[PDB]
Amino acid sequence: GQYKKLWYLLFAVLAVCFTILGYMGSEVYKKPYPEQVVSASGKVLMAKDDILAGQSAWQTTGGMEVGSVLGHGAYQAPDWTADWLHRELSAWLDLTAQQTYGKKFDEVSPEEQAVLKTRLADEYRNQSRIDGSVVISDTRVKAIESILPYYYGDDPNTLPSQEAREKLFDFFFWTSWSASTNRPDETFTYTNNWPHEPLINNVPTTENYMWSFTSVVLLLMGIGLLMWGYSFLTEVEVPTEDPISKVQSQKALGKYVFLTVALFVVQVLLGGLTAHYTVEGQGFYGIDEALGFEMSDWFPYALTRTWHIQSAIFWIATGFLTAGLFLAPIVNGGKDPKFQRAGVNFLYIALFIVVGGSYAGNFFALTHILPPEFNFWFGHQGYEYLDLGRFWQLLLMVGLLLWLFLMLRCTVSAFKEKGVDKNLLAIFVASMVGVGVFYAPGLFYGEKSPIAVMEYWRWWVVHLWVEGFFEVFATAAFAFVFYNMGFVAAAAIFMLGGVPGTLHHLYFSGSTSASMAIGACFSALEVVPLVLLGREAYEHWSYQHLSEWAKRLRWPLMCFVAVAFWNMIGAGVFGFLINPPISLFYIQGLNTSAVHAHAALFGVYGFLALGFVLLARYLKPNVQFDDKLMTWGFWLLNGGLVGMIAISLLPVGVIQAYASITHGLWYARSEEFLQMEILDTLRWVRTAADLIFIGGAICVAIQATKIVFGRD
Ligand code: HEM
Ligand code: HEM
Ligand SMILES: [Ca+2]
Ligand SMILES: [Fe+3]
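Residues numbered from 1 in each chain as written, not as in the entry; some residues may be left out. Chains lettered and ligands numbered in written order. Heavy atoms only, no water.

For this deposition, the record names X-ray crystallography as the technique by which the model was determined and cites 4.2000 Å as its resolution.

Right, dumping it as structure tokens:
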């Protein structure tokens, strides 16, 4: 502890962000599942048993990777919490159709519809829950009896006194009731008025459009303070004074990248088959005819959706762990422990079986060829990005512990070398610890558990362990590599902004006001680091006239300019578009967020993983590596990306947003809406950009494939 204040710099922001996220985490752990709901007379229709068994069955079926609830999943099949609330609203429109109005929704004229939607609105929004029991009217009993026949188009001894399937729809009805009931002390719902159901009065409250602009005010405060702080005005070379970049376990690391790019290509095959599944889900041009039945049984949309997301995970994950363990032998200085290649291959094949087995379990449970107890563990887990079973999550994190074991083994010498408590060999070994550990948050998670805590612990990995990795490990690797070649804060600001801001997805899943405010504030503060690359991009544009024949690093800068470009675009200006509750209320679970997904995953981290696979370059000479396939890959991947985020997702997304604004979210998700001429033909011409993007993935894939003929 020579200069422990520099440790206290990170310790402070980390302790305050872990206090904020941990205690607002205690707030979303505290602030339900009624033991048994009853009728006005007495009879039961649902129990905690049925809601949690229907949750377990929901997680068995894997409906979260095909039909969204609370906005959190896939966007092919309609939202089974908005659609349920609308179908139950149609049930209340069918029920009271006796006295002061006609039969249908719009059969009664707007003049007399004024006396209609007041009675039901003041039926269930009044607190109807004590004793773990929800008490409901015989009206609501006949409603919950009325709604079930609706649940086609093109969308996927004695003990109890209910069915099993019944438990699923009881869990759906639970999501509906929990979504459409006011809080204690407050006049808004547990979901903060979600979903957008107009006829029950569900729209953002005061805090939403207060903090929506307070976030803008805080962001402009930050921008202003830095920009006016920049007034005082407080290089490794002059014009032409750069040195040459030359240095000569990694036999097996060459296969990690082949795995990586093959998984990237099949990830885009599942992306493309998910693309075709959103055009026609009744057949496949002969082989899957309604008489025949071939493709729809074995490899459905659920499977393409889970496997597209598990491939995106695994190809980028191997795409960075390969770089971690490829740059490992430079950290200690070649200091190889006993049987290191064998351990790296052990880890490699553990990754292989985790990868295969995980989405093979999804194969088995998503087609339901599996018991109840055997789902979740082996089968589909039921959650976006944790689609992989728990067996395989535990095994993946054991792969992360063998990786952190091997990386810590490959930095024991670096840990012995550093006398300074906050050295590069302390930050780049804090980052690897921050990676190899923080997938563990994802395991504090069970099928029979409450869902708020579950998703809290989900975005605790999917927007925390992803963000405290590519902006922390990759950057201390950047410093390390640019130090070792002779070329030469973000972590602290991005883990002060990003760690407590990760709650920006959790506004409409049971969060208190403090969590909304914190989320809003710190998600607003997530922009000011990502916008710093807005000048760094221009600086690059006015610095990239340097490398010639001798300089090996030519095209990776053309990767990284795009990385910074899309890192300004996809998250900074596209994430803060959706950050406000006023827009996220409606946007939550539309094609709008596919733009942010494809543009912030492949747009930022995909090209980064590709750049790190290309960092290939220390096994081939400077003037012998071929680079037409590089430009091919760039033009095709970026043209396909900008194509798929411009031609399709922007217009469909904004159309969907306007439809959600006007007719309602449930309508914006309904098949009557989602099968318009415009939208069907737009989803039909989405595949052009997909062809080009797959072409681009194939180009850079065949580059790294054909790298293997003449290597160093
Ligand atoms: C040719 C390549 C690709 C095609 C054709 C493709 C196509 C698709 C399609 C059609 C969807 C369905 C969206 C929906 O209706 O819900 C999807 C979802 C998704 N894709 Fe891709 N994709 C490709 C590559 C990628 C890559 C390389 C990444 C990331 C590295 C990526 C990340 C995602 C994510 C995250 C989602 C889901 C978003 C969510 O569930 O909320 N895709 N993809
Ligand atoms: C590299 C950085 C980032 C990545 C990889 C990323 C990734 C993602 C992904 C995949 C989703 C889709 C979740 C789902 O549909 O279930 C998402 C949602 C979202 N992200 Fe990000 N994000 C990043 C940065 C940001 C930033 C900086 C902001 C705000 C300034 C932001 C705001 C949002 C919002 C508001 C949503 C909600 C969309 C929805 O639930 O449908 N993100 N993010
Ligand atoms: Ca999603
Ligand atoms: Fe996020």
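That covers the picture; the talk isn't over yet.
Peer 1: Where do I start with the site of ligand 2 in this structure?
Peer 2: The environment of ligand 2 is made up of 25 residues, and the closest members are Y75, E384, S593, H596 and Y605. Within the contact set of ligand 2, an oxygen atom lies 3.4 Å away from a backbone nitrogen or oxygen of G589. Broken down by class, the residue content of the shell around ligand 2 amounts to twelve nonpolar, ten polar and three charged. (Near = heavy atom within 4 Å. Polar contact = N/O pair within 3.5 Å; in protein donor to acceptor, adjacent residues only side chain to side chain. Nonpolar A, V, L, I, M, F, W, Y, C, P; charged D, E, K, R; others polar.)

Peer 1: Would you take a moment to explain the nonpolar core for this structure?
Peer 2: The tendency in soluble globular proteins is for nonpolar side chains to be buried side by side. One finds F264, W315, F320, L325, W403, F602 and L637 to be the most contacted residues of the largest nonpolar core, which totals 171 residues. The dominant element in this core, judged by the number of residues it contributes, is helix α11 (residues 301-331), at 16 residues. Shared between two domains, this core holds at least three residues of each, these being domain 1 (1-31 + 204-710) and domain 2 (32-203). When neighbours within four sequence positions are excluded, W403 is seen to be in contact with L321, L325, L347, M432, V435, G436 and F473. (Core = buried A, V, L, I, M, F, W, Y, C linked by side-chain atoms within 4.5 Å. Buried < 20%, exposed > 50% of the residue type's maximum accessible area, 1.4 Å probe, protein only. Helix = DSSP H or I, 4+ residues; strand = E, 2+ residues; numbered from the N terminus. Domains from an automatic or database assignment. Contact = heavy atoms within 4.5 Å.)

Peer 1: How do you make sense of the coordination of the iron ion (ligand 4) when you look at a structure like this?
Peer 2: Around a metal, the idealised angle for a tetrahedral arrangement of four donor atoms is 109.5 degrees; for an octahedral arrangement of six donor atoms it is 90 or 180 degrees. Binding of the iron ion (ligand 4) to the protein goes through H463 (NE2), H504 (NE2) and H505 (NE2), at separations of 1.9 Å. Distance-wise, the iron atom of ligand 2 is placed 3.2 Å from the iron ion (ligand 4). (Donors = N, O, S within 2.8 Å, 3.2 Å for Na, K, Ca; no water.)

Peer 1: What is the right way to read a nonpolar patch on the surface from this model?
Peer 2: On the surface, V279, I647, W684 and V685 cluster together to form a nonpolar patch covering roughly 360 Å² of accessible area. Residue placement: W684 occurs in helix α29 (residues 677-706). A residue is classified by how much of its surface remains accessible, and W684, at 57% relative accessible area, is exposed. (Patch = residues over 30% accessible without salt bridge, like charges linked within 9 Å, V, L, I, M, F, W, Y side chains within 5 Å. Areas by Shrake-Rupley, 256 points an atom, 1.4 Å probe, with all protein chains shown as cover. Salt bridge = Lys/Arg side-chain N within 4 Å of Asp/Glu carboxyl O.)

Peer 1: How should the packing of aromatic side chains be read in this particular structure?
Peer 2: Any two aromatic rings considered together are summarised by their centre-to-centre distance and by the angle between their planes. Scanning the model with the defined rule gives 65 aromatic pairs in all. When the ring of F444 is compared with that of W457, the centres are 5.1 Å apart and the planes differ by 75°; the resulting orientation is edge-to-face. One end of the pair, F444, is in the loop between α15 (424-436) and α16 (451-462); the other, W457, is in helix α16, with 13 residues separating them in the sequence. Residue class for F444 comes out partly exposed when judged on its relative accessible area of 49%. Relative accessible area serves as the criterion here: at 18%, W457 is assigned to the buried category. Grouping aromatic residues by their ring pairs yields a cluster made of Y33, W58, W80, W84, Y150, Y151, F169, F171, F172, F173 and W174. One cation-aromatic arrangement involves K255 over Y348; the distance from NZ or CZ to the ring centre is 5.9 Å. Lying over the aromatic face of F625, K620 brings its terminal NZ or CZ to 5.5 Å of the ring centre. (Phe/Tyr/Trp six-rings, centres within 6.5 Å; stacked < 30°, edge-to-face > 60°. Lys NZ or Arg CZ within 6 Å of the ring centre and 35° of its normal.)

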